[PDB]
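Engineer: Next up is a structure, given as structure tokens.
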Amino acid sequence: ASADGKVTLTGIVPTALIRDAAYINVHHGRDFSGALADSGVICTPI
Amino acid sequence: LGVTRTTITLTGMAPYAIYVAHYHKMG
Amino acid sequence: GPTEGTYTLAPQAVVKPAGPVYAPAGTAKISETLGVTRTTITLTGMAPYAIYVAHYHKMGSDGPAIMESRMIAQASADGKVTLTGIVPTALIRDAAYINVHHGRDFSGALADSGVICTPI
Amino acid sequence: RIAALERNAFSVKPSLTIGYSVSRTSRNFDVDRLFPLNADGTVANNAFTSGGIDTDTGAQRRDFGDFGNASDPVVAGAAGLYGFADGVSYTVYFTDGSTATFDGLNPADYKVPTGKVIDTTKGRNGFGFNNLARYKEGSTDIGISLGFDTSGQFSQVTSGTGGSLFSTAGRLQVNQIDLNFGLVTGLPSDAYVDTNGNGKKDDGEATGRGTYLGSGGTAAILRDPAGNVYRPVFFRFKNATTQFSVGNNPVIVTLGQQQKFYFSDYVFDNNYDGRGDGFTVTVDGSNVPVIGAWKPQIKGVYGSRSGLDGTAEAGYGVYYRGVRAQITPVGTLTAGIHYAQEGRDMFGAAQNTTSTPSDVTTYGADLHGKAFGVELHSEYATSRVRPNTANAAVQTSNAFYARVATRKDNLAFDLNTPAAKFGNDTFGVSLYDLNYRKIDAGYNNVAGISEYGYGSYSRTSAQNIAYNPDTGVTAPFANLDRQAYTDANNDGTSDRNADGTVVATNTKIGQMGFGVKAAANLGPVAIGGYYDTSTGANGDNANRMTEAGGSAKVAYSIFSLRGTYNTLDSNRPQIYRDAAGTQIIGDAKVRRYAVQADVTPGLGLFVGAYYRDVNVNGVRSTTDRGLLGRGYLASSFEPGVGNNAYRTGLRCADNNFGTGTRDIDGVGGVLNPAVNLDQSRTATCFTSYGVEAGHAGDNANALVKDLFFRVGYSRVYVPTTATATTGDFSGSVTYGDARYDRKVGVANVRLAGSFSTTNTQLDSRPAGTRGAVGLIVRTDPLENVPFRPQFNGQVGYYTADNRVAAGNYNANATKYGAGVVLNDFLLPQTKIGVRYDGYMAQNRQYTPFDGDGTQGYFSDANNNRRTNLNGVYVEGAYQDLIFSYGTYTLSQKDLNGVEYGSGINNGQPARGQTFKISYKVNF
Amino acid sequence: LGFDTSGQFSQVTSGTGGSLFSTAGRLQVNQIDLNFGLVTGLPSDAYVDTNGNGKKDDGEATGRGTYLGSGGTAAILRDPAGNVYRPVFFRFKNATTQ
Amino acid sequence: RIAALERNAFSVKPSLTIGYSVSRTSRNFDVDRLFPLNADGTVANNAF
Amino acid sequence: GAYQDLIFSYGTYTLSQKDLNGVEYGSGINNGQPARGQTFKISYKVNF
Amino acid sequence: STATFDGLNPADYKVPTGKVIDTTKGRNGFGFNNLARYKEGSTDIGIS
Ligand SMILES: CCCCCCCCCCCCCCCNC(=O)[C@H](CO[C@H]1O[C@@H](CO)[C@@H](O)[C@@H](O)[C@@H]1NC(=O)CC)OP(=O)(O)OC[C@H](COC(=O)CCCCCCCCC)OC(=O)CCCCCCC
Ligand SMILES: CCCCCCCCCCCCCCCCCC(=O)N[C@@H]1[C@H](OC[C@H](OP(=O)(O)OC[C@H](COC(C)=O)OC(C)=O)C(=O)NCCCCC)O[C@@H](CO)[C@@H](O)[C@H]1O
Ligand SMILES: CC1C(O)C[C@@H](O)C(C)(C)[C@@H]1CC[C@@H](C)CCC[C@H](C)CCCC[C@H](C)CCC[C@H](C)CCC[C@H](C)CCCC(C)(C)O
Ligand SMILES: [Cu+2]
Ligand SMILES: [Cu+2]
Ligand SMILES: [Cu+2]
Ligand SMILES: [Fe+3]
Ligand SMILES: [Fe+3]
């Protein structure tokens with residue numbers, strides 16, 4: 001998250017896998033190896 | 001064509017934290 | 001045809017944690033042989049990554065600690081510390097409770113004063 | 001912030017080794033041949049082994065000595081104690097001051113003085129003597145090392161903007177790399193400075209430890225009077241990634257070195273090594289609107305052979321290109337075409353040397369798949385090679401085949417699965433193979449631009465098949481070659497090798513033919529047949545090899561009766577032994593017919609009677625010379641009801657004996673838990689008849705649970721003298737085997753036994769009686785008696801009366817070994833253990849590994865010598881400090897009793913003693 | 001420039017061993033006296049001990065002469081831009097032998 | 001404490017360069033004299 | 001040309017210097033052929 | 001010893017050193033430096 005909270009997330013995913021996804025949830029992490037610390041800091045439908 | 005690039009730009013977050021974001025299905 | 005949708009995200013309201021629940025619990029196996037004592041304190045549900053100094057506090061609770069029994073270790077990623085120590089029996093004579101504490105440094109130090117204690 | 005700190009932080013890993021070692025020997029023999037063999041065949045671990053297990057060269061722990069700091073390999077023959085110890089190895093001095101080493105027990109037989117060297121009388125009489133004694137002076141060694149590992153989080157790369165006429169966006173593709181790097185303090189013993197770029201250590205390149213003094217070893221140590229030790233720090237890394245891919249859905253472009261690609265067999269079978277450096281593009285049209293259900297695909301390859309390489313190399317100034325296109329119009333039938341080309345540029349046409357063609361241009365099409373209940377596999381190719389030189393005279397060569405058969409996933413054709421199935425079980429005519437072949441004579445791996453292949457894989461096994469698993473030559477049919485006597489230097493007599501084998505000159509003839517294998521499944525009956533004729537590409541009958549055959553089985557209840565007829569008519573030369581036993585090259589005719597009946601009562605037992613009759617070149621041919629294996633369609637049946645499978649291969653090892661004469665242990669395999677002697681067959685088709693009962697313990701409802709025996713009797717045909725037409729079934733073989741594991745109480749017993757009363761020399765086994773027995777006991781720790789003892793045990797006896805044309809000698813062996821481990825000894829965490837092993841042998845020997853895949857083995861030799869290997873090994877342990885002590889003695893006497901061991905000829909055995917203190921410590 | 005370590009590597013724990021059996025392991029903790037770090041350059045008295053005696057014989061190596069640019073003024077591994085390069089060595093001294 | 005750790009910590013910077021190149025000439029002339037000149041007088045960038 | 005970030009560069013150039021007669025002194029081995037230059041590159045910039 | 005003459009006519013090599021004499025080793029004591037340069041096609045991965 002930079003130094004003032006300027007986190008910029010990006011990523012490619014085949015549309016076929018995406019199907020039935022309803023909301024892109026943003027969580028905090030415990031390390032750069034994925035993992036889940038907080039369960040939903042910010043989120044939007046689609 | 002068949003891939004999806006997604007740019008979630010967040011601001012006013014925590015100074016040096018990790019922000020893992022993915023797509024949660026309907027449930 | 002670059003189908004593009006721009007959506008502002010809402011700041012949420014439910015931010016409950018996700019990981020090891022700090023619920024201290026465990027057992028002790030003090031085993032005497034030929035004048036030496038080997039103590040194994042396997043703990044679970046502890047802090048995910050923390051040094052856990054444990055020694056033998058004498059009776060007196062407050063009481064002094066026979067510091068020639070300090071067992072030091074750090075926890076894993078779920079909170080599992082395995083303290084192990086070799087102490088002469090004559091030293092641990094007149095000890096009352098094995099008190100586990102928190103370690104400010106791998107050199108020892110008692111950050112906390114007893115997160116868990118077992119009567120010996 | 002802590003994660004950021006950890007991402008690019010060093011993990012400091014220090015290592016300390018502490019240990020005391022002393023070892024004194026006088027001959028440096030081997031002791032790993034005394035230790036028990038585990039159920040996986042490995043020998044039991046000990047503290048004295050030198051190691052040396054190499055799978056590439058077949059080396060094992062039993063091929064090297066175990067005393068001193070030397071790992072001297074055992075030497076076969078008399079120089080070594082007949083494969084039991086180290087060689088004598090005199091040293092020969094020369095006039096010019098140079099010296100050589102003679103490996104023999106008698107220096108007078110040094111028949112190899114070089115052209116100008118003369119033996120100077122500097123030693124005894126110009127011959128020295130290399131001392132056979134090895135010493136490890138007792139010392140305690142501390143070894144300290146340090147390394148710096150990285151977090152391992154640098155496994156990704158993201159592309160950056162580029163371009164000159166324009167500018168790409170950047171950050172468009174993420175590539176996963178396989179870079180493993182860290183910091184080391186000291187160099188490995190095998191490091192070197194590669195000054196040529198070949199990537200291999202040439203003649204004394206640098207010995208990197210010698211380039212950077214103080215890196216490692218004891219020759220140089222960078223020190224300080226204060227006691228500090230300095231070691232250079234190096235950045236070590238491996239890059240396993242050489243390919244980078246770009247693009248996701250329709251188009252993917254891969255750039256890298258040694259690109260591996262595959263258009264088809266016969267064109268670009270260029271995988272398993274790759275061809276060179278360049279790029280490949282793959283376009284997948286499986287989502288196109290109009291035509292996407294046919295899964296159209298396009299592949300394109302460009303590259304430079306071997307990348308950049310110095311002149312005189314085949315890949316200098318040579319570049320390849322290609323494009324293939326395929327679809328799947330029906331269920332699984334994939335059809336494709338492909339163009340391939342390889343050529344020299346203006347810098348390769350000149351100053352390249354070698355013989356790479358000035359140009360090769362191959363076209364092809366293939367139709368592999370499974371569409372309508374049948375499986376089709378077709379292939380066509382055209383070469384058009386431009387043969388460099390000046391006139392060139394471009395040469396064309398095609399390769400076409402059309403097969404109705406089942407190909408496996410590894411692209412090998414499975415001829416046991418029908419792929420036709422024109423009916424059900426009651427009426428089940430099944431087509432197994434139906435193929436045609438028109439491979440041309442000039443079609444090799446150069447014609448179709450591939451790495452290897454397109455030639456008979458065996459020339460003794462199925463020789464019409466080019467499929468080579470070793471070099472990845474996936475090609476059903478091979479370019480056959482014609483063989484003939486060489487007669488290189490001498491005239492009038494054909495050239496032979498030292499062993500007597502013939503030397504042949506091979507001329508490629510190509511291949512053209514057809515073949516059908518089918519089977520009709522009746523009810524209680526089943527029948528099958530096969531036919532196959534292959535000529536040369538031109539079609540001349542001087543190279544024809546026809547195999548035809550057929551079998552019929554009837555199985556009902558607990559009875560089965562089979563009858564098989566096989567033929568082989570090869571005008572093609574073929575290399576094989578004649579009746580006398582000398583290899584020859586010449587046409588062959590083989591006619592075999594076998595009627596074998598089997599009965600299975602169902603209680604785990606089985607009985608089998610057979611009568612097999614071979615007929616080679618018109619004579620009764622006691623044993624076929626492997627000729628019947630020249631064809632790839634053999635297809636015998638198998639006993640049992642409801643087992644109507646027409647599997648390729650004549651099961652000649654059925655209901656017959658074994659002819660093994662080699663063994664890992666001293667005794668004839670009866671003491672090896674990884675060898676089942678009751679399941680040992682000869683795999684040679686004989687003209688014989690006999691019966692064989694038995695019993696299997698794995699089959700349920702068996703008399704004894706884990707019990708196997710294979711008692712059997714047989715009679716073998718032998719001609720009158722050596723080559724007479726007349727003969728009789730005079731040979732006789734009576735064999736028996738047994739194996740019973742059991743577990744009585746806490747102990748784990750294991751009994752094995754073998755017997756044989758052959759009358760003639762069958763394959764390599766001489767004519768004589770041969771018996772062997774072995775017992776292995778392994779008790780688990782006893783928790784009732786004090787000390788928690790844990791016993792072992794091992795006994796093995798072997799006898800053999802070899803009646804060879806040069807003697808009637810007896811070769812017997814006796815191995816034994818016992819040992820007890822006390823798991824609770826006085827003080828806490830204190831252990832003691834002792835093991836005594838012994839091995840006595842009459843005229844037997846050990847043959848070490850040959851440096852190839854073949855391993856060493858114990859065999860019978862007429863050496864009038866008796867070996868008496870013995871030893872005791874005591875291993876005690878305090879908490880974690882291990883004291884190992886071992887004393888062993890090897891004495892090899894002759895009939896007189898001269899005691900040749902310790903070959904300084906003083907009548908003393910070779911002796912070895914070792915003492916170690918081991919202590920493993922971790923930071 | 002020097003790189004010191006935390007000095008927390010002063011202990012070793014034994015590991016399981018044995019061939020006829022297998023010891024438990026982690027049974028004894030030994031205190032060692034290893035002092036190590038990273039140096040950039042060699043001292044004046046360093047030398048290459050090619051015999052094992054542990055002493056500087058007649059002109060053994062003059063370790064600053066083996067690794068040019070380690071120290072002194074006789075040799076300096078330079079760069080036209082003005083950068084100076086010095087080899088990095090792992091220095092260590094082990095006072096524990098029992 | 002994190003600042004103290006970061007003060008004397010190494011930043012590990014790895015670099016990877018991947019590229020394919022082939023070039024054949026008989027005289028080795030110059031082609032940069034053909035490319036357009038920018039408003040600052042520099043010649044246009046090219047890959048050759 | 002450029003796919004996502006992989007750049008394919010190809011270039012073919014010819015330099016011929018004749019005289020009034022037309023001797024074509026380029027490629028000065030004196031065989032009446034111009035100097036020629038061809039290059040092919042695949043470039044890919046990656047970052048850690 | 002050898003020298004390099006920079007000219008289209010070796011006969012104008014008016015600078016033979018004090019004691020050197022042209023040995024008829026090449027055509028007539030004068031060779032010819034090849035004017036052709038080659039970069040054999042390869043893919044390079046560099047790691048740092
Ligand atoms: C998006 C990028 C757009 C294209 C960029 C501009 C390039 C095209 C312009 C014409 C440029 C290409 C014109 C074709 C020259 N010919 C070649 O093929 C030569 C082959 O070498 C040698 O081979 C021998 C037998 O094989 C003989 O013929 C020799 O005589 C020859 N050597 C010589 O003496 C030198 C002539 O390769 P080269 O050394 O010149 O290498 C480079 C070539 C050409 O480069 C490309 O253009 C490939 C681009 C593919 C991207 C595919 C990826 C698509 C991504 C969506 O690359 C090849 O391999 C392809 C072969 C030609 C087919 C071109 C059509 C796709
Ligand atoms: C998805 C897309 C992937 C892209 C990557 C794949 C690229 C595919 C490229 C396909 C191009 C068409 C091929 C035509 C086949 C003609 C059939 C064919 O190969 N002919 C054979 C061969 O030919 C020689 C070749 O011909 P060629 O026309 O191939 O080369 C011209 C040109 C190359 O330009 C440059 C860089 O100089 O390449 C093209 C087409 O652009 C040539 O003139 N080179 C001179 C030198 C001679 C030695 C090679 O001559 C004989 C043997 O000496 C004989 O054996 C012929 O049968
Ligand atoms: C167009 C376009 C766009 O602009 C916007 C948007 O639509 C897109 C980005 C998707 C796009 C890109 C589309 C892109 C994906 C391209 C389409 C994909 C296909 C795949 C390309 C190749 C098609 C050709 C086909 C494969 C050839 C078929 C011929 C067979 C091979 C013949 C075999 C016969 C054999 C010889 C018989 C056997 C004989 C013997 C004797 C051997 O037995
Ligand atoms: Cu050995
Ligand atoms: Cu090359
Ligand atoms: Cu292959
Ligand atoms: Fe080399
Ligand atoms: Fe010295």
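Residue numbering: from 1, along the chain as shown.
Determination method: electron microscopy, 2.5 Å.
Backbone N, Cα and C define each Cβ position, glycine as well.
Relevant sequence annotations retrieved from Swiss-Prot are reproduced here:
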type     : residues                                    : note
TOPO_DOM : E:15-27                                     : topological domain 'Periplasmic'
TRANSMEM : E:28-39                                     : transmembrane segment
TOPO_DOM : E:40-82                                     : topological domain 'Extracellular'
BINDING  : E:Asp49, E:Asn53, E:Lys55, E:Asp57, E:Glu60 : Fe(3+) binding site
Engineer: Ranking the binding-site residues E:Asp49, E:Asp57, E:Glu60 by other Cβ atoms within 10 Å, which is at the bottom?
Structural biologist: E:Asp57
Engineer: Grab the same-chain neighbours of the transmembrane segment (E:28-39) for me: Cβ-Cβ under 8 Å, and only residues 6 or more beyond its ends, written as numbers and ranges.
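Structural biologist: Same-chain contacts beyond the flanks: 2-5, 7, 9-14, 88-96.
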Engineer: Counting only residues 6+ apart in the same chain, whose Cβ is under 8 Å from the Cβ of E:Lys55 (Fe(3+) binding site)?
Structural biologist: E:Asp49
Engineer: Who are the chain neighbours of the topological domain 'Periplasmic' (E:15-27) in space, where the CB to CB distance is under 8 Å and they lie at least 6 residues beyond its ends?
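Structural biologist: Distal contacts: none.
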Engineer: Near E:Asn53 (Fe(3+) binding site), how many other Cβ atoms are within 10 Å of its Cβ?
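Structural biologist: Summing over all protein chains shown, E:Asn53 (Fe(3+) binding site) has 9 other Cβ atoms within 10 Å.
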Engineer: Report, as numbers and ranges, which residues of the same chain sit near the topological domain 'Extracellular' (E:40-82): CB under 8 Å and 6 or more residues beyond its ends.
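Structural biologist: Contacts of the topological domain 'Extracellular' (E:40-82) (Cβ under 8 Å, skipping residues fewer than 6 from its ends): 1-2, 88-89.
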Engineer: Please count the residues of the topological domain 'Periplasmic' (E:15-27) that DSSP assigns to helix (H, G, I), strand (E, B) and coil.
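Structural biologist: The topological domain 'Periplasmic' (E:15-27) comes out at 0 helix, 1 strand, 12 coil.
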Engineer: Take the binding-site residues E:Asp49, E:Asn53, E:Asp57 and keep those with a Cβ under 8 Å from any chain D Cβ; what remains?
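Structural biologist: Going by the Cβ criterion (under 8 Å to chain D), the qualifying binding-site residues are E:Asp49.
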Engineer: Reduced to three states, what secondary structure does DSSP give E:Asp49 (Fe(3+) binding site)?
Structural biologist: coil
